[PDB]
Protein chains: 2
Amino acid sequence: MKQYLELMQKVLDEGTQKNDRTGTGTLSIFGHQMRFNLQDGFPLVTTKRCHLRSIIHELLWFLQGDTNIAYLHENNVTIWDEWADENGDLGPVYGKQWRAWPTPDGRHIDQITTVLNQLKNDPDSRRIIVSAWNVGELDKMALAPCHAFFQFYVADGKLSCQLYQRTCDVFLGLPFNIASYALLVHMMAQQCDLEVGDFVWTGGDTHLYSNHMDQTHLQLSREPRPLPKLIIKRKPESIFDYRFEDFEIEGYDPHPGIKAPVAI
Amino acid sequence: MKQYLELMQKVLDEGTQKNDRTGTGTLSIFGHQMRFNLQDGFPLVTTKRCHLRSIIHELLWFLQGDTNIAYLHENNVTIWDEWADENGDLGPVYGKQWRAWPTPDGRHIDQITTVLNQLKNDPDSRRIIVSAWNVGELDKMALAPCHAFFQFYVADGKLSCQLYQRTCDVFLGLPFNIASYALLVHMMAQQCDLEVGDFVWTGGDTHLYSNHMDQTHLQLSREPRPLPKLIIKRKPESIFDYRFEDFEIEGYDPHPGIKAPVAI
């Protein structure tokens, strides 16, 4: 997508050479932001073939609040396998914080429900936020939240959402992230009888791994194509009652897929 | 400052008319980002006369972790008076979360110390973060955090920091925020023997109050002037040992001050 490709080029032109968790080197920049008007089409990268299957399952899984990969496994979604322990547990990751952020006084805060309550009763609120960054729970998580905090906004009948992604693998991870949140906005908007607005993506440490440079140049030589259209076949009674089959993508005509090799 | 003025103009040109906590109306946009290369000068607005006195005291106060306004009062800093209760308490605001985020297992997480430990031992870490957004503590705070989360980054010997400000009063509040964090970056950099890099400011609900429109037009007619220079007269043994007198501003030549009327 135009915005996605411009970021790739920016990292290439302005990124600084360093490293990561001490594995593969990277080219990185700090601080970036782009906007996707969801009215112009669902932001699924077209310069390389992407799929939404795993993304959809993962989102529904997040919304359910259970952090055990069973549901994901039952459905052949393996992106979390790498981090899961023998029992398939990942600790208090995303889902747990979204639906049951633990407090010292013994409560489990349902941030998703809170947000919907706000979008319904006080849409102009300036703190319609969901945070996965639970400082006292980080150590117990298999992985610290990458997409750690997001905020909603309503204006002229449209629902917008900004995401703060503290760390971002532009080539491999980012395509996943944009689609995931774009999907959430569509779902929330539907539940709130609102049109979809903008998805504002903000990143912190935004980088490209050195072993993805050829892949990036290849992708940059491809012209983006019209964005596909998301179709929601059903209107569930709540944000927690969506099913995989409710989503469909129309008009997705992407360039060939590009593999993402990763060191271990 | 160029970046600050461009934001004002953007809100004017693209902002949508609505309201706030149901008081004064506003013109607002959602999602914005700007960068200040601290090597080009300390980002203290020059198109209107600003002062750093309150800002400095408040920052040192935050760093100390005590959320009672006594210290601020002792020094004639009154910006928190409005929210303080009879005992001068504000609840678990910024300071408390920065230095002692409470966990359900009974610990108080020192995020500032954690960050310094990271900048010292693992500067390439992608999670050098401090968050004030403690979901289970919001209700107890006199005010939910506006500048709620920030992340540091190190590259080529320079320390950068990005701030996520969920809500922003462009005219009245923003000047304060930029200077405050710019100051923190300078202090952290000094403690870490690093040069100052960029301060990346990211906002969520970014607005101008309708009763600040004339003020905004006035300010927009003024040409920004060279940014002043921050001087740190002393090199403390830790981030917690700074004193008000350690900071000085050189070359600050601003246009006349502009009052910010506020409804109640």
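The table for this structure:
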item	result
Residue among B:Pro175, B:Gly106, B:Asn134 farthest towards the positive dipole end of region B:2-264, charges placed on Cβ	B:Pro175
GNM flexibility winner over chain B from B:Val185, B:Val130, B:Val77 (Cα, springs under 10 Å)	B:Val77
Quarter of the Cα convex hull surface for region A:1-151, i.e. its orientation-mean projected area (nm²)	12.1 nm²
Only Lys, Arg (+1) and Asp, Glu (-1) charged, at Cβ; region A:2-264 dipole about Cα centre in debye	420 debye
Excluding exposed DSSP-loop trypsin sites (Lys or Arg not before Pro) (at most 16 other C-beta within 10 Å), longest clean stretch of chain B	B:108-221
Overall Cα dimensions of region A:87-199, principal axis frame, Å, largest first	44, 41, 24
Unit charges on C-beta of K, R, D, E only; dipole of the protein assembly as shown, Debye	820 debye
Along principal axes, Cα extents of the protein assembly as shown, largest first, whole Å	62, 49, 48
Estimated 222 nm signal from helices in the protein assembly as shown, with DSSP H stretches of n ≥ 4 weighted -39500 (n - 2.57), rounded to 500	-8500 deg cm²/dmol
DSSP-defined beta bridges in region A:2-264 - what % are antiparallel, rounded to 5	75 percent
Among B:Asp169, B:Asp139, B:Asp40, residue whose mean-square fluctuation peaks in a GNM of chain B (springs only between Cα atoms under 10 Å)	B:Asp139
Among the listed pairs A:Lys10/B:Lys48; A:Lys233/A:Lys259; A:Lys158/A:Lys229, those beyond 24 Å (Cα-Cα)	A:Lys10/B:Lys48; A:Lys233/A:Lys259
Fraction of the pair-distance distribution of region A:17-66 above 15 Å, Cα-Cα pairs, percent	72 percent
Charge dipole (debye, nearest 20) of region B:1-89; +1 at Cβ of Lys and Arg, -1 at Cβ of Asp and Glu	600 debye
Chain A, relative contact order [Cα under 8 Å, separation at least 6], %	27 percent
Rounded to 5, the percent of DSSP beta bridges in the protein assembly as shown classed as antiparallel	75 percent
Long-range amide H partners of A:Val196 with built H, under 5 Å	A:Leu159
Longest DSSP-loop-exposure-free segment, GluC sites (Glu not before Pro), chain B, at most 16 other Cβ within 10 Å	B:87-236
For residues of B:17-27, the mean tally of beta carbons on other chains within 10 Å	2
Diffusion constant of region A:170-264 at 25 °C, which comes from Stokes-Einstein with the Kirkwood Cα-pair radius and 0.890 mPa s, µm²/s	154 µm²/s
Most mobile of B:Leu63, B:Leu194, B:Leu218 in a GNM of chain B (Cα contacts under 10 Å)	B:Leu218
Phi to ³J(HN,Hα) by Karplus 6.51 cos²θ - 1.76 cosθ + 1.60 over region A:176-185, Hz, x for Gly, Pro	4, 4, 4, 4, 4, 5, 4, 5, 4, 4
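Quick note: the coordinates plus some simple rules give every number you see, no bench work behind them. For neighbour counting, all protein chains shown are included, and Cβ atoms are generated from backbone atoms with ideal geometry for every residue, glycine included.
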